[PDB]
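Examining the three-dimensional arrangement
Below are the chains, spelled out letter by letter.
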Amino acid sequence: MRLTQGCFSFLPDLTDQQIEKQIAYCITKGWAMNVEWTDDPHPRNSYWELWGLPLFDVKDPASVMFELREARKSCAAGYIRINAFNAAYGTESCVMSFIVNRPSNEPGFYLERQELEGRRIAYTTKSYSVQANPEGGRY
Amino acid sequence: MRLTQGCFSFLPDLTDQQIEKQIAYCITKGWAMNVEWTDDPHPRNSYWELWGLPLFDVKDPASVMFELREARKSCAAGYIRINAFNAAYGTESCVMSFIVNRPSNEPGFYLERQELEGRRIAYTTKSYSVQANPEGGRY
Amino acid sequence: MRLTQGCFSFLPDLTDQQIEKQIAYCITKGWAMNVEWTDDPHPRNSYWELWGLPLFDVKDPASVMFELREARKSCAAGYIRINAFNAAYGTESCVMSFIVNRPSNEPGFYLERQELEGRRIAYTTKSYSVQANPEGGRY
Amino acid sequence: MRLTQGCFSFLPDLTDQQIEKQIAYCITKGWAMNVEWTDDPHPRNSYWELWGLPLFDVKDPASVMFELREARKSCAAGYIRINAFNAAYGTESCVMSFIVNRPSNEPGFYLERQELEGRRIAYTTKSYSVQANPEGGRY
Amino acid sequence: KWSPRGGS
Amino acid sequence: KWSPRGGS
Amino acid sequence: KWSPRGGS
Amino acid sequence: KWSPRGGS
């Protein structure tokens, strides 16, 4: 299965030239950029692991491209994403996020159904990779 | 274990001639026919996967038999079922459903018991095939 | 681990002569005897599988011994137990129960702890044999 | 992963000479010492297994060192800890606890998320070693 | 290979 | 083969 | 060896 | 054999 989190997941994996252009668009706005990693893709897993501090006043995509290259050869198999933050009054939140690295294959998830009162069910979403191996060796 | 969902599961697997006769009975009533597939046989799994659109005005079982033949050679190991729908005022629901293809072997299910207040138990039914492999490779 | 259900589980496995004596004691009271089997030893698993009907008017332990011998060579690896019932007004319930056959080895159980309100925990007891294989192939 | 329970887990494993000094500090206060073992490291697992009775009036660390040596060569792979108790009015509780033996490697834990009312989640912490093998053969 | 390993 | 694999 | 064994 | 199989 293909994980569909992010804004461009219905398009093929993007090339390095494609990635650089999107970065160039966020810096022209004045946004701060950062890179994150994880091996637990549950949709409610809000905090991915941080790769260094956010690049606040960097004004050249080459600096962002370099950091992503490092993580790629340094981190274990899993997922990597690039985010952009806007600290303007009225926003003070993230304004863009897309995946930029995936594992060789992802088995996906399945549902568990606990029966409670009347006809009500309490659902739990479960990951095949997580349940099988500890962090660092899931993919 | 043998899954007992459907109207003829206490009888041996039906032959192609047997299946054709039941189809001929539903079309003489004017019902619409469709074919579905799944690899998760939980009794509360209401939505199986659809194989094309329902055949509304087909008036010859040969058309239904052909579609079933295709699914058999196209879909992965699992279960296949044929349903008949009646859109008449007062009904507007399914009026027949039977299994027409099974996996080589089905391990079945087991129960988990969570203890709550007093002597009350919250039960959960679990499938051996689902918990072991992702969709597409369970059988 | 050794399962401690039954009235004589803190004593070594009983010999056939030992079993026959206990049966002789229950029939002298006028009780009805029966034999049961299971491969799920959860302490809240109330209904084991029945081996034929209860022997109501049998007045010779040899009849009970014969039936147990058959089950031993017929049933799959697991547990077997003998029960005695008293239908007298004021009782109408079981009055004796002991294990008479065990698997080569039993791994046991472990606890799962769900955290709810404040410091409360909802506990669930889980069997290693059950979670691993379907009924018929657990031992 | 390294389990961080205990007062000195952010320091390297302590040598025998280091351990003896800490024991000498607790006896100078008049405290009672004991040794415990477990193969289930859940943070809410309050009762570890006891190794003999507590040493109440022993006034020489050599007695405590000897007992720890025995457990090390007698118990299965897992964790061992030393505790000190103060029975003075106003306390009557443990006043020190540190780990003194670890398994060759520990995979750690993962989280399960059950969705309840609104946006509330009920969390459960799960151990890889426990879920895989019975007590005695987890490490 | 990953399908026959489990779920007999 | 599927019975001795698990549940020692 | 413990990573490819499960989670295909 | 049943201890090193799982729980690396």
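Residues numbered from 1 in each chain as written, not as in the entry; some residues may be left out. Chains lettered and ligands numbered in written order. Part of a larger assembly, values for the part shown. Heavy atoms only, no water.

Per the deposited record, the coordinates in this entry were obtained by cryo-EM to a resolution of 2 Å.

1. A closer look at the interface of chain A and chain D
What counts is decided by this rule: Throughout, a residue-residue contact means that at least one pair of heavy atoms, one from each residue, lies within 4.5 Å. Salt bridge, as applied in this entry: a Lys or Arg side-chain nitrogen positioned within 4 Å of an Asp or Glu carboxyl oxygen. In protein, a polar contact means a hydrogen-donor-capable atom and an acceptor-capable atom, both N or O and within 3.5 Å, with residues adjacent in sequence counting only if both atoms are side-chain atoms; elsewhere, any N or O pair within 3.5 Å suffices. Secondary structure is summarised from DSSP: a helix means a run of H or I of at least four residues, a strand means a run of E of at least two, and numbering begins at the N terminus for each.
Taken together, the contacts link 17 residues of chain A with 12 residues of chain D. Taken together, chain A and chain D are joined by one salt bridge. The partner of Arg113(D) in a salt bridge is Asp40(A), with the nearest N and O atoms 3.6 Å apart. If you look at where chain A meets chain D, you find six residue pairs in polar contact. When contributions to the side of chain A that touches chain D are tallied by element, the ones reaching two or more residues are β6 (121-127) and α3 (128-132) of chain A.

2. Considering the pattern of salt bridges
All names here are of chain A. The cut-off we apply is this: Three labels apply to residues, based on accessible area from a 1.4 Å probe with only protein chains included: buried if under 20% of the type maximum, exposed if over 50%, partly exposed otherwise in between.
Throughout the structure, instances matching the rule amount to 35 salt bridges over all chains. Close ionic contact of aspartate 16 with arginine 72 constitutes a salt bridge, the shortest N to O distance being 3.7 Å. Taken together, the residues span a long stretch of sequence, with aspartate 16 in helix α1 (residues 16-29) and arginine 72 in helix α2 (residues 61-74) at a distance of 56 residues. What makes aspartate 16 partly exposed here is its relative accessible area of 23%. One salt-bridge network, in which partners are shared between bridges, spans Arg2, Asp13 and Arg102.

3. Digging into helix α1 (residues 16-29) of chain C
Residue and element names in this part refer to chain C. Applied cut-off: Helix span, as expected, comes to 1.5 Å for every residue beyond the first. This arc is built from the directions going out from the helix axis to the C-beta atoms.
Compared with the 20 Å implied by 1.5 Å per residue over 14 residues, the 21 Å span of α1 between its first and last C-alpha is a close match. Turning to α1, its buried residues are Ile19, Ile23, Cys26 and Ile27. An end-on view of α1 places all buried positions within 95° of arc, on one side of the element. Of the residues in α1, the exposed ones pointing more than 90 degrees away from the buried face are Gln17, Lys21 and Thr28. Residues of α1 that are buried make contact with β1 (32-38), α2 (61-74), β3 (79-86) and β4 (93-101). Looking at the residues trailing α1, positive phi occurs at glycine 30, about 90°.

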